[PDB]
C-alpha cells in the first residue's frame, strides 16, 4: 500500500537567472520541476513525484541546474 510519493520543493533562490534557468535546467537535466516565487525568491517544486530515487536524485540533480537551497517536499493533505 502506497509506494511513497513526493512534491519536491527546491527552496527559492535569489538567482533569478539561476532560478528561471533552474526550471529549464531541472527539466533539461532530467527532472522537470516547476518554479514559482513566493518565499521571496524563485521557489522551486516538481510535479508530485514518487519516493524511491527520482525525487532524491532531483536534489543532486538540482546541483546540475546551479541553485542555492532545495528540499524534497512530500505530499500529504
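Yes or no: residue 76 under 21 Å from residue 2 (Cβ atoms) and within 11 Å of the chain's Cα centre (by Cα)? Considered against the rule, which asks whether it is under 21 Å from residue 2 (Cβ atoms) and within 11 Å of the chain's Cα centre (by Cα), residue 76 comes out as no. The set of residues in the range 24-74 being over 12 Å from residue 9 (Cβ atoms), in contact with a strand residue (DSSP E or B) (Cβ under 7 Å, 6 or more places away or on another chain) and surrounded by fewer than 20 Cβ atoms within 10 Å (Cβ to Cβ) consists of 27, 32, 37, 40, 41, 50, 51, 68. Residues in the range 24-40 that are part of a strand (DSSP E or B), closer than 19 Å to residue 51 by Cα and in contact with a helix residue (DSSP H, G or I) (Cβ under 6 Å, 6 or more places away or on another chain): 33 alone. Taking the range 1-23 as the range and being within 16 Å of residue 63 (Cα to Cα), in contact with a strand residue (DSSP E or B) (Cβ under 9 Å, 6 or more places away or on another chain) and not in a loop (DSSP other than H, G, I, E, B) as the test, the residues that pass are 12, 13, 16, 18, 19, 20, 22, 23.
A quick note on method: Cβ atoms are made from the backbone with ideal geometry, for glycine too, and the neighbour counts reach across all protein chains shown. Here, each number is a calculation from the coordinates, and none is a lab measurement.
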